[PDB]
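Presented below, as structure tokens, is a lone chain in the form deposited in one PDB entry.
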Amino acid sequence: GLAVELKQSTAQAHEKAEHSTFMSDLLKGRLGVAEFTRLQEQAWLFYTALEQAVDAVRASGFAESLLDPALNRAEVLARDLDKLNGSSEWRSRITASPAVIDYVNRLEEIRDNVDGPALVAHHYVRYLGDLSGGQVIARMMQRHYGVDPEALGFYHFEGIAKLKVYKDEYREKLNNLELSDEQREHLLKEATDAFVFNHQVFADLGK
């Protein structure tokens, strides 16, 4: 089924991204809230784009049930960024790193083409990862750096009760999407690209 094909097809790419030096250093406690704050700022930029593409694709009637508005992160992230930075100065200060320009560009292309299969791929890579590994990242931020849980809204998924059931239903929804061979292939290739973008985001943060 598609959920299994996605996981396996992308496993290599998930591994490259997951074990990048910046994320590895961040999670081990080698870095700081400032570095975590920089990541969330870059994530705000790309979640903002992702969610415009989700909106376009949901509106077209494609994969509707999967593209649960409860997953939207951009607004909670801004709120986390207001707390982390102590004001909204960040909105005028932040600039997309080169990795984020490419990532955001691809998201805007998908938005504008209203490319359902491609958007699903990006949705899987960001949201199922947030739901899967996000409590680990949040827990490390509180543990290593004393980050206040109120500045970790991005990881809380307010509005979802049983998380493992949610993930299971999300995978069933993936397995239920109607897709041509052409569309399945395009989705799978796009999932690898999504991991490729995210790894470069961390590389650029590492620099």
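Here the rigid core means the biggest group of C-alpha atoms that line up within 1.5 Å when the two forms are laid on top of each other. Heads up: residue numbers just count along the shown sequence, starting at 1.
Peer 1: Highest mean C-alpha temperature factor of the two stretches 169 to 177 and 43 to 51, which is it?
Peer 2: Comparing averages over the C-alpha atoms only gives 169 to 177.
Peer 1: Could you settle it for me: does 6 to 14 or 185 to 193 have the higher average Cα B factor in the PDB entry?
Peer 2: The entry gives the higher C-alpha B-factor average to 6 to 14.
Peer 1: Whose C-alpha has the highest temperature factor in the PDB entry: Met140, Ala161, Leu67, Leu152?
Peer 2: Highest C-alpha B-factor among the listed residues goes to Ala161.
Peer 1: Of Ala78, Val120, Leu71, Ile94, which one's C-alpha B factor is largest in the deposited record?
Peer 2: That would be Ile94, according to the entry.
Peer 1: By its CA B factor, does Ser24 count among the lowest, middle or highest third of the modelled residues in the chain?
Peer 2: Middle third of the chain for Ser24's C-alpha B-factor.
Peer 1: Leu84's Cα B-factor: lowest, middle or highest third of the chain?
Peer 2: Middle third by C-alpha B-factor.
Peer 1: Which third of the chain does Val136 land in by C-alpha B-factor: lowest, middle or highest?
Peer 2: According to the entry, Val136 has a C-alpha B-factor in the chain's highest third.
Keep in mind that the form deposited in another entry is missing from the display, and what follows is about it.
Peer 1: So, superposing on the core, is the move of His14 at the CA at least 2 angstroms between this form and the one not shown?
Peer 2: Passes the 2 Å threshold, so yes.
Peer 1: Looking in that other deposited form, are the Cα atoms of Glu18 and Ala99 closer together or farther apart than here, the change being 3 Å or more?
Peer 2: Compared with this form, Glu18 and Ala99 lie closer in that other deposited form.
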